[PDB]
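**Q** Sharing a structure, written as structure tokens. Questions coming.
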Amino acid sequence: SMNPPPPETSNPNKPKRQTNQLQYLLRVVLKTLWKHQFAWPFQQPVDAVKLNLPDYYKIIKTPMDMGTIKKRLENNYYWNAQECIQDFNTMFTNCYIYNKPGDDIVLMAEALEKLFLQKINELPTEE
Ligand SMILES: Cc1noc(C)c1-c1cc(O)cc(CN2CCC(F)(F)CC2)c1
């Protein structure tokens with residue numbers, strides 16, 4: 001169970017724009033979660049080899065992580081905020097699907113998700 005390639009973070013064919021909602025997602029939302037004490041397991045793709053999780057990529061077919069999200073934001077990969085929000089949701093859902101409801105990693109993801117929802121509650125209107 002080698003790891004898959006990471007999710008793409010740039011694509012020369014995918015259209016680009018800089019907007020204030022995407023800026024908010026990078027500067028406020030991602031920033032807040034990134035620097036949180038629970039961020040670190042989520043700051044890069046799950047390395048199922050180093051973590052000895054041979055079934056991870058049998059269960060999780062749409063991996064996602066904040067490192068990927070950060071690069072996507074930095075690279076103007078997203079056209080709109082919803083695309084980015086979807087990736088955060090994917091990351092949290094994967095964690096909840098793969099792990100058991102007691103688990104420390106799940107509590108960590110719940111805390112980040114609560115914070116995520118607070119910051120997305122205040123997304124600015126598009127200029
Ligand atoms: C995210 C994610 N989703 O599913 C898995 C499995 C991971 C995961 C990713 C990591 O980079 C490291 C660990 C180990 N874990 C960290 C927190 C802890 F609470 F300390 C327990 C050990 C788990």
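FYI, nothing fancy with the structure tokens labels: chains A, B, ... in order, residues from 1 per chain, ligands from 1 as they appear.
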Compile the contact shell of segment 99-103 of chain A as a list in words: residues with an atom at most 12 Å away, counting only C-alpha atoms, same-chain residues fewer than 5 positions apart removed.

**A**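 My list of contacting residues is residues 53, 55, 56, 59, 60, 92, 93, 94, 108, 109 and 110 of chain A.
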
**Q** Using only C-alpha atoms, what does the table of segment 12-41 of chain A residues within 9 Å of segment 80-91 of chain A look like, with each row giving the shortest atom pair and its distance in Å to one decimal, sorted by chain and ascending number, as a tab-separated table?

**A**
```
residue	atom	partner	partner_atom	distance
A:17	CA	A:80	CA	8.7
A:19	CA	A:80	CA	8.4
A:21	CA	A:81	CA	6.3
A:22	CA	A:81	CA	5.7
A:25	CA	A:81	CA	7.5
```

**Q** Counting only C-alpha atoms and all ligand atoms, give me one row per residue of chain A with an atom at most 7 Å from an atom of ligand 1, showing the shortest contact pair and its distance in Å to one decimal, sorted by chain then residue number, as CSV.

**A**
```
residue,atom,partner,partner_atom_place_in_ligand_line,distance
A:40,CA,ligand 1,11 (O),6.7
A:41,CA,ligand 1,11 (O),3.5
A:42,CA,ligand 1,1 (C),4.9
A:44,CA,ligand 1,11 (O),6.9
A:46,CA,ligand 1,9 (C),5.1
A:47,CA,ligand 1,11 (O),6.9
A:51,CA,ligand 1,12 (C),6.9
A:94,CA,ligand 1,3 (N),6.8
A:95,CA,ligand 1,3 (N),4.3
A:98,CA,ligand 1,4 (O),6.2
A:99,CA,ligand 1,4 (O),6.3
A:104,CA,ligand 1,19 (F),4.3
A:105,CA,ligand 1,19 (F),4.5
```

**Q** Please save C-alpha atoms of the selected residues as a CSV table (one decimal), in the first residue's frame.

**A**
```csv
chain,number,residue,atom,x,y,z
A,40,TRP,CA,-0.4,19.3,12.5
A,41,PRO,CA,-2.0,15.9,11.5
A,42,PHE,CA,-4.0,17.8,8.9
A,44,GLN,CA,-0.1,17.4,4.8
A,46,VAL,CA,-2.0,11.2,5.2
A,47,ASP,CA,1.2,9.2,4.8
A,51,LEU,CA,1.6,5.7,9.6
A,94,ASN,CA,-12.6,11.6,5.6
A,95,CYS,CA,-11.3,11.8,9.2
A,98,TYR,CA,-11.9,6.4,8.6
A,99,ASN,CA,-11.5,6.8,12.4
A,104,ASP,CA,-8.2,11.8,19.6
A,105,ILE,CA,-7.8,12.5,15.9
```

**Q** Using DSSP on the backbone coordinates, identify the residues of segment 18-98 of chain A assigned to alpha helix (DSSP H); present them as a PDB file with N, CA, C and O atoms, in the first residue's frame.

**A**
```pdb
ATOM      1  N   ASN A  20     -11.898  38.758  -3.024  1.00  0.00           N
ATOM      2  CA  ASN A  20     -11.818  38.994  -1.599  1.00  0.00           C
ATOM      3  C   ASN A  20     -12.305  37.795  -0.756  1.00  0.00           C
ATOM      4  O   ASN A  20     -11.815  37.598   0.348  1.00  0.00           O
ATOM      5  N   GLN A  21     -13.251  37.002  -1.225  1.00  0.00           N
ATOM      6  CA  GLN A  21     -13.671  35.809  -0.489  1.00  0.00           C
ATOM      7  C   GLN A  21     -12.554  34.708  -0.434  1.00  0.00           C
ATOM      8  O   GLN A  21     -12.330  34.088   0.616  1.00  0.00           O
ATOM      9  N   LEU A  22     -11.845  34.543  -1.540  1.00  0.00           N
ATOM     10  CA  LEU A  22     -10.725  33.616  -1.578  1.00  0.00           C
ATOM     11  C   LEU A  22      -9.596  34.157  -0.707  1.00  0.00           C
ATOM     12  O   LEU A  22      -8.959  33.383  -0.016  1.00  0.00           O
ATOM     13  N   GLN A  23      -9.345  35.471  -0.753  1.00  0.00           N
ATOM     14  CA  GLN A  23      -8.372  36.097   0.115  1.00  0.00           C
ATOM     15  C   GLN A  23      -8.692  35.861   1.587  1.00  0.00           C
ATOM     16  O   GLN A  23      -7.775  35.559   2.358  1.00  0.00           O
ATOM     17  N   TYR A  24      -9.952  36.004   1.973  1.00  0.00           N
ATOM     18  CA  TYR A  24     -10.408  35.712   3.342  1.00  0.00           C
ATOM     19  C   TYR A  24     -10.182  34.267   3.768  1.00  0.00           C
ATOM     20  O   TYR A  24      -9.745  33.946   4.892  1.00  0.00           O
ATOM     21  N   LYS A  31      -5.432  30.454   7.816  1.00  0.00           N
ATOM     22  CA  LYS A  31      -4.454  30.942   8.834  1.00  0.00           C
ATOM     23  C   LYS A  31      -4.818  30.519  10.258  1.00  0.00           C
ATOM     24  O   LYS A  31      -3.984  29.949  10.996  1.00  0.00           O
ATOM     25  N   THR A  32      -6.070  30.720  10.640  1.00  0.00           N
ATOM     26  CA  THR A  32      -6.567  30.374  11.958  1.00  0.00           C
ATOM     27  C   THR A  32      -6.438  28.895  12.248  1.00  0.00           C
ATOM     28  O   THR A  32      -5.936  28.475  13.279  1.00  0.00           O
ATOM     29  N   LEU A  33      -6.834  28.065  11.306  1.00  0.00           N
ATOM     30  CA  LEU A  33      -6.760  26.624  11.522  1.00  0.00           C
ATOM     31  C   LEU A  33      -5.289  26.114  11.480  1.00  0.00           C
ATOM     32  O   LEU A  33      -4.948  25.262  12.265  1.00  0.00           O
ATOM     33  N   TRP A  34      -4.495  26.644  10.574  1.00  0.00           N
ATOM     34  CA  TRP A  34      -3.131  26.218  10.332  1.00  0.00           C
ATOM     35  C   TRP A  34      -2.274  26.307  11.562  1.00  0.00           C
ATOM     36  O   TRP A  34      -1.454  25.432  11.812  1.00  0.00           O
ATOM     37  N   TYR A  56      -5.907   2.664   4.486  1.00  0.00           N
ATOM     38  CA  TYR A  56      -6.375   4.067   4.399  1.00  0.00           C
ATOM     39  C   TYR A  56      -6.890   4.446   3.034  1.00  0.00           C
ATOM     40  O   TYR A  56      -8.044   4.946   2.899  1.00  0.00           O
ATOM     41  N   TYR A  57      -6.064   4.174   2.012  1.00  0.00           N
ATOM     42  CA  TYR A  57      -6.439   4.513   0.660  1.00  0.00           C
ATOM     43  C   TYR A  57      -7.313   3.474  -0.030  1.00  0.00           C
ATOM     44  O   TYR A  57      -7.599   3.628  -1.210  1.00  0.00           O
ATOM     45  N   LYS A  58      -7.742   2.439   0.707  1.00  0.00           N
ATOM     46  CA  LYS A  58      -8.837   1.532   0.292  1.00  0.00           C
ATOM     47  C   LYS A  58     -10.171   2.099   0.726  1.00  0.00           C
ATOM     48  O   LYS A  58     -11.193   1.905   0.057  1.00  0.00           O
ATOM     49  N   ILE A  59     -10.171   2.833   1.843  1.00  0.00           N
ATOM     50  CA  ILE A  59     -11.396   3.403   2.373  1.00  0.00           C
ATOM     51  C   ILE A  59     -11.618   4.840   1.872  1.00  0.00           C
ATOM     52  O   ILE A  59     -12.746   5.264   1.653  1.00  0.00           O
ATOM     53  N   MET A  66      -5.063  20.112   4.778  1.00  0.00           N
ATOM     54  CA  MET A  66      -4.854  21.549   4.757  1.00  0.00           C
ATOM     55  C   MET A  66      -3.620  22.012   4.016  1.00  0.00           C
ATOM     56  O   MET A  66      -3.586  23.160   3.573  1.00  0.00           O
ATOM     57  N   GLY A  67      -2.602  21.149   3.902  1.00  0.00           N
ATOM     58  CA  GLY A  67      -1.454  21.518   3.094  1.00  0.00           C
ATOM     59  C   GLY A  67      -1.834  21.705   1.640  1.00  0.00           C
ATOM     60  O   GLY A  67      -1.435  22.709   0.978  1.00  0.00           O
ATOM     61  N   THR A  68      -2.621  20.747   1.130  1.00  0.00           N
ATOM     62  CA  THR A  68      -3.171  20.856  -0.220  1.00  0.00           C
ATOM     63  C   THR A  68      -4.046  22.100  -0.355  1.00  0.00           C
ATOM     64  O   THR A  68      -3.955  22.816  -1.337  1.00  0.00           O
ATOM     65  N   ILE A  69      -4.936  22.324   0.597  1.00  0.00           N
ATOM     66  CA  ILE A  69      -5.812  23.478   0.541  1.00  0.00           C
ATOM     67  C   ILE A  69      -5.020  24.799   0.510  1.00  0.00           C
ATOM     68  O   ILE A  69      -5.313  25.680  -0.277  1.00  0.00           O
ATOM     69  N   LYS A  70      -4.007  24.888   1.372  1.00  0.00           N
ATOM     70  CA  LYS A  70      -3.134  26.078   1.415  1.00  0.00           C
ATOM     71  C   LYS A  70      -2.470  26.324   0.082  1.00  0.00           C
ATOM     72  O   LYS A  70      -2.497  27.454  -0.402  1.00  0.00           O
ATOM     73  N   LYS A  71      -1.907  25.274  -0.516  1.00  0.00           N
ATOM     74  CA  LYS A  71      -1.262  25.448  -1.812  1.00  0.00           C
ATOM     75  C   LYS A  71      -2.288  25.826  -2.852  1.00  0.00           C
ATOM     76  O   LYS A  71      -2.014  26.631  -3.723  1.00  0.00           O
ATOM     77  N   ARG A  72      -3.478  25.221  -2.828  1.00  0.00           N
ATOM     78  CA  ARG A  72      -4.499  25.589  -3.801  1.00  0.00           C
ATOM     79  C   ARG A  72      -4.874  27.067  -3.717  1.00  0.00           C
ATOM     80  O   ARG A  72      -4.977  27.780  -4.748  1.00  0.00           O
ATOM     81  N   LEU A  73      -5.024  27.547  -2.491  1.00  0.00           N
ATOM     82  CA  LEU A  73      -5.310  28.973  -2.289  1.00  0.00           C
ATOM     83  C   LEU A  73      -4.166  29.855  -2.794  1.00  0.00           C
ATOM     84  O   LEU A  73      -4.393  30.837  -3.543  1.00  0.00           O
ATOM     85  N   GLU A  74      -2.942  29.522  -2.407  1.00  0.00           N
ATOM     86  CA  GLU A  74      -1.751  30.283  -2.849  1.00  0.00           C
ATOM     87  C   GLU A  74      -1.598  30.286  -4.369  1.00  0.00           C
ATOM     88  O   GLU A  74      -1.088  31.278  -4.946  1.00  0.00           O
ATOM     89  N   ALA A  81     -15.163  30.354  -3.543  1.00  0.00           N
ATOM     90  CA  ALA A  81     -15.063  29.931  -2.178  1.00  0.00           C
ATOM     91  C   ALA A  81     -15.642  28.572  -1.898  1.00  0.00           C
ATOM     92  O   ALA A  81     -15.117  27.840  -1.060  1.00  0.00           O
ATOM     93  N   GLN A  82     -16.750  28.239  -2.589  1.00  0.00           N
ATOM     94  CA  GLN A  82     -17.407  26.940  -2.358  1.00  0.00           C
ATOM     95  C   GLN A  82     -16.479  25.770  -2.671  1.00  0.00           C
ATOM     96  O   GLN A  82     -16.507  24.754  -1.988  1.00  0.00           O
ATOM     97  N   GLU A  83     -15.645  25.933  -3.674  1.00  0.00           N
ATOM     98  CA  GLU A  83     -14.681  24.852  -4.008  1.00  0.00           C
ATOM     99  C   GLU A  83     -13.725  24.583  -2.840  1.00  0.00           C
ATOM    100  O   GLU A  83     -13.389  23.437  -2.545  1.00  0.00           O
ATOM    101  N   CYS A  84     -13.296  25.658  -2.208  1.00  0.00           N
ATOM    102  CA  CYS A  84     -12.408  25.558  -1.055  1.00  0.00           C
ATOM    103  C   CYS A  84     -13.119  24.987   0.159  1.00  0.00           C
ATOM    104  O   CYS A  84     -12.636  24.080   0.856  1.00  0.00           O
ATOM    105  N   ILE A  85     -14.312  25.508   0.420  1.00  0.00           N
ATOM    106  CA  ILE A  85     -15.140  24.973   1.521  1.00  0.00           C
ATOM    107  C   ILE A  85     -15.379  23.472   1.363  1.00  0.00           C
ATOM    108  O   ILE A  85     -15.304  22.693   2.338  1.00  0.00           O
ATOM    109  N   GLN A  86     -15.650  23.036   0.138  1.00  0.00           N
ATOM    110  CA  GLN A  86     -15.845  21.615  -0.147  1.00  0.00           C
ATOM    111  C   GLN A  86     -14.608  20.795   0.233  1.00  0.00           C
ATOM    112  O   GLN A  86     -14.732  19.709   0.753  1.00  0.00           O
ATOM    113  N   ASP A  87     -13.416  21.307  -0.090  1.00  0.00           N
ATOM    114  CA  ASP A  87     -12.198  20.611   0.301  1.00  0.00           C
ATOM    115  C   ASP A  87     -12.045  20.508   1.829  1.00  0.00           C
ATOM    116  O   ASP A  87     -11.678  19.445   2.308  1.00  0.00           O
ATOM    117  N   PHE A  88     -12.336  21.592   2.566  1.00  0.00           N
ATOM    118  CA  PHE A  88     -12.303  21.455   4.012  1.00  0.00           C
ATOM    119  C   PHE A  88     -13.286  20.369   4.485  1.00  0.00           C
ATOM    120  O   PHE A  88     -12.948  19.525   5.323  1.00  0.00           O
ATOM    121  N   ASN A  89     -14.496  20.376   3.922  1.00  0.00           N
ATOM    122  CA  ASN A  89     -15.471  19.341   4.276  1.00  0.00           C
ATOM    123  C   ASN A  89     -15.037  17.929   3.963  1.00  0.00           C
ATOM    124  O   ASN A  89     -15.236  17.009   4.760  1.00  0.00           O
ATOM    125  N   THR A  90     -14.391  17.770   2.814  1.00  0.00           N
ATOM    126  CA  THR A  90     -13.824  16.479   2.445  1.00  0.00           C
ATOM    127  C   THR A  90     -12.798  15.997   3.502  1.00  0.00           C
ATOM    128  O   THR A  90     -12.803  14.854   3.964  1.00  0.00           O
ATOM    129  N   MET A  91     -11.899  16.915   3.890  1.00  0.00           N
ATOM    130  CA  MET A  91     -10.882  16.583   4.872  1.00  0.00           C
ATOM    131  C   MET A  91     -11.527  16.120   6.174  1.00  0.00           C
ATOM    132  O   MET A  91     -11.118  15.099   6.724  1.00  0.00           O
ATOM    133  N   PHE A  92     -12.509  16.882   6.652  1.00  0.00           N
ATOM    134  CA  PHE A  92     -13.124  16.494   7.933  1.00  0.00           C
ATOM    135  C   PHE A  92     -13.882  15.183   7.772  1.00  0.00           C
ATOM    136  O   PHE A  92     -13.739  14.283   8.605  1.00  0.00           O
ATOM    137  N   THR A  93     -14.697  15.085   6.719  1.00  0.00           N
ATOM    138  CA  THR A  93     -15.477  13.843   6.511  1.00  0.00           C
ATOM    139  C   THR A  93     -14.607  12.598   6.420  1.00  0.00           C
ATOM    140  O   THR A  93     -14.919  11.564   6.987  1.00  0.00           O
ATOM    141  N   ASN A  94     -13.481  12.690   5.694  1.00  0.00           N
ATOM    142  CA  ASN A  94     -12.579  11.558   5.573  1.00  0.00           C
ATOM    143  C   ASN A  94     -12.142  11.086   6.958  1.00  0.00           C
ATOM    144  O   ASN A  94     -12.071   9.904   7.233  1.00  0.00           O
ATOM    145  N   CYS A  95     -11.776  12.062   7.780  1.00  0.00           N
ATOM    146  CA  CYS A  95     -11.290  11.768   9.151  1.00  0.00           C
ATOM    147  C   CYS A  95     -12.413  11.042   9.947  1.00  0.00           C
ATOM    148  O   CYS A  95     -12.135  10.043  10.583  1.00  0.00           O
ATOM    149  N   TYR A  96     -13.641  11.543   9.833  1.00  0.00           N
ATOM    150  CA  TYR A  96     -14.756  10.966  10.571  1.00  0.00           C
ATOM    151  C   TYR A  96     -15.103   9.588  10.042  1.00  0.00           C
ATOM    152  O   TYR A  96     -15.548   8.720  10.833  1.00  0.00           O
ATOM    153  N   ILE A  97     -14.971   9.351   8.733  1.00  0.00           N
ATOM    154  CA  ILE A  97     -15.242   8.030   8.147  1.00  0.00           C
ATOM    155  C   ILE A  97     -14.207   6.988   8.510  1.00  0.00           C
ATOM    156  O   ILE A  97     -14.552   5.816   8.746  1.00  0.00           O
ATOM    157  N   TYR A  98     -12.923   7.349   8.430  1.00  0.00           N
ATOM    158  CA  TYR A  98     -11.867   6.402   8.629  1.00  0.00           C
ATOM    159  C   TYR A  98     -11.675   6.001  10.093  1.00  0.00           C
ATOM    160  O   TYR A  98     -11.348   4.826  10.363  1.00  0.00           O
TER     161      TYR A  98
END
```

**Q** Between atom CA of residue 49 of chain A and atom CA of residue 35 of chain A, measure the distance and give it in Å to one decimal.

**A**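 Separation between atom CA of residue 49 of chain A and atom CA of residue 35 of chain A: 25.6 Å.
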
**Q** Quick one: pull the distance between atom CA of residue 39 of chain A and atom CA of residue 26 of chain A, Å, one decimal.

**A** 15.0 Å

**Q** Do you have the atom CA of residue 5 of chain A-atom CA of residue 78 of chain A distance handy?

**A** 19.6 Å

**Q** Identify which of the residues A:11, A:111, A:120, A:127 lies closest to residue 29 of chain A, counting only C-alpha atoms when measuring atom-to-atom distances.

**A** A:120
